[PDB]
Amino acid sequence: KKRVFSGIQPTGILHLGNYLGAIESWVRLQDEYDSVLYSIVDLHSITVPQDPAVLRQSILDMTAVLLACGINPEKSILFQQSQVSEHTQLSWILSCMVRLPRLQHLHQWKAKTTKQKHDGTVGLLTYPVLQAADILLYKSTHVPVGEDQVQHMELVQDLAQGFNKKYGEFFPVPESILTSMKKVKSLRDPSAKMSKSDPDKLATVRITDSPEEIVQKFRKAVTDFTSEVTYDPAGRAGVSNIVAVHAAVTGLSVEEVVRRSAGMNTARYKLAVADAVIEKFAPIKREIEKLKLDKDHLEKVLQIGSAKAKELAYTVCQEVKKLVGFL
């Protein structure tokens, strides 16, 4: 059977990259596939230190945001990763199949400075394995992610294959789902992806930002000194990112938005894109504001989702234990 799985960390506020890279896919997917699971991955969150009150609130906030984006709990299973014990159990098993250098040499770790590598947690080092577990546990076939997680998907595939080699065919080898906006760039540093953890508030366009805030971020967005608007990602990273965003939020092609902007300079154009983003977000923000007020419902939503996931997970984990030799 086919099944979609994807995850998002509760920490920070959901932004334009998350939305274009993945969340939009999630919403579409729920109507295309019979079985769909979306997880707020709180376990992944703590790979970096979290304040407990902040984390608790982020989970609630993310729940509101996802619902506001269109995730329907009648159609998908929206759940809290920590509430399903099986994730870590499978992760352990998987970790017994992975050599340390495989993890060390993943770009997301490898890129770090020697110091940063000395400072990061073992959880941070190992999250791809947990990620593999999150996916494999439900025998998922399709996984929507951003570009930064592609390498991890290969590991997930290798893990499925490796388990299968040993114990016989058990796990489907999952496939990534990527969008054109797989790597939305930071507004302030177009070399970098847009991130929830970016300390620079200007860089990141959040779902909950005011129109005034969004316009300002686009006003401050780094471009270049060419007046005309063109799409040229190698040449003009910031402008191209902005154009791409525009195309994505409008449903027009890059070629069309560039066409429509003739005679408009970048500076003006950037504010246009901001207006487009504001429109796309606006209904979502209205719903979030409504949802934020009923904590109980948000908690209930996760609880029920978590119960549904647990039923699925328990069954698989028992099968896994038998294959391994535990039972």
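Note that residue numbering begins at 1 and tracks the sequence as displayed.
K.L.:
Mean C-alpha B-factor higher for 267-275, or for 290-298?
P.N.:
Averaging CA B-factors over each stretch, the winner is 290-298.
K.L.:
Please work out which of 142-150 and 118-126 has the higher mean CA B-factor as recorded in the PDB entry.
P.N.:
The stretch with the larger average C-alpha B-factor is 118-126.
K.L.:
Among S186, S76, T88, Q131, where is the Cα temperature factor highest, going by the PDB entry?
P.N.:
Highest C-alpha B-factor among the listed residues goes to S76.
K.L.:
Checking the entry, which one of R99, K166, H246, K193 has the top C-alpha B factor?
P.N.:
Comparing C-alpha B-factors across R99, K166, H246, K193, the top value belongs to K166.
K.L.:
Can you tell me whether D158 has a C-alpha B-factor in the lowest, middle or highest third compared with the other modelled residues of the same chain?
P.N.:
As the PDB entry reports it, the C-alpha B-factor of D158 lands in the lowest third of its chain.
K.L.:
Determine, from the deposited record, the chain-internal third of the Cα B-factor for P283: lowest, middle or highest.
P.N.:
It belongs to the lowest third of the chain when residues are ordered by C-alpha B-factor.
K.L.:
Relative to the other modelled residues of the same chain, rank the CA B-factor of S95 and answer lowest, middle or highest third.
P.N.:
As the PDB entry reports it, the C-alpha B-factor of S95 lands in the lowest third of its chain.
K.L.:
Quick check for you: using the entry's CA B-factors within this chain, is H44 in the lowest, middle or highest third?
P.N.:
For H44, whose C-alpha B-factor we compare with every modelled residue in the chain, the answer is the lowest third.
K.L.:
When the modelled residues of the chain are sorted by Cα temperature factor, does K182 land in the lowest, middle or highest third?
P.N.:
For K182, whose C-alpha B-factor we compare with every modelled residue in the chain, the answer is the lowest third.
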